[PDB]
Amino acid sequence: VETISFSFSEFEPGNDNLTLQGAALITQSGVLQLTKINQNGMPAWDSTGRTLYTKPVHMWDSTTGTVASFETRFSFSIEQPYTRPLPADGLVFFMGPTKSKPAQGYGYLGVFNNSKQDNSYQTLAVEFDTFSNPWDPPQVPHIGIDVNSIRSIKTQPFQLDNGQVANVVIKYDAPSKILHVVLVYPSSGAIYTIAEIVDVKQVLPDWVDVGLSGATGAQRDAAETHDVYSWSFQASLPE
């Protein structure tokens, strides 16, 4: 079995294993701030940032046809401090082509280029979306499973517990092709679950980069924080 595994119980400036893109940065206190936090401690609009683990992950073997199973967990918080306008845009875990650069911001969350499905994206993503765009369900926030498109194949509304830490667990089982996602807020005890069938050998390239991305909005104060406190990942490809 070809395996890869990492675990950041907190982040540290200078860590060898993370690529930082766009606005993303790691604080001395150990927090990955995906989108810009201004001097006043307030989140900035028009910001997009991502992090990628530095080593690619082998998701399927082009010779034998084996396919990997994987699990990722992370803790994040989103604080929406402005009474108006509406907050935006969200954060997302994503897997796709290696040597990956940020895509479009705002509702595309730094991962996609427009709102059409395009199998060439070869990207699978799990979003926590805070702004209802023309292609979105009305309930925000919502968890979304995105396969080669920002228009989720399936969503599940969740109530934001403003500024509180959410724990996320995402598992993909190759034999069953089931991607299952869980969101828990220790603060309120709320638990959300969503699952869908995903054929990763069809969707993803055989090797991928894995990362997290966040975006704030297209007008003044359509913003919120996208802070991440820990992140772990494990994948196993049968041989």
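Each residue number is its position in the shown sequence, starting from 1.
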Report the stretch with the higher mean CA temperature factor, choosing between 137-145 and 109-117 on the basis of the entry. 109-117
Per the entry, where is the mean C-alpha temperature factor higher: 32-40 or 175-183? 32-40
From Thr216, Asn17, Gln21, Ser230, which pick has the Cα B-factor that tops the rest in the entry? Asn17
Place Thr48 in the lowest, middle or highest third of its chain's C-alpha B-factors, as listed in the PDB entry. lowest
Lowest, middle or highest third - CA B-factor, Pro87: middle
Chain thirds by Cα B factor, record data; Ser132 belongs to the lowest
How does the C-alpha B factor of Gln159 compare with the rest of the chain: lowest, middle or highest third? highest
Comparing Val198 with the other modelled residues of its chain, is its CA B-factor in the lowest, middle or highest third? middle
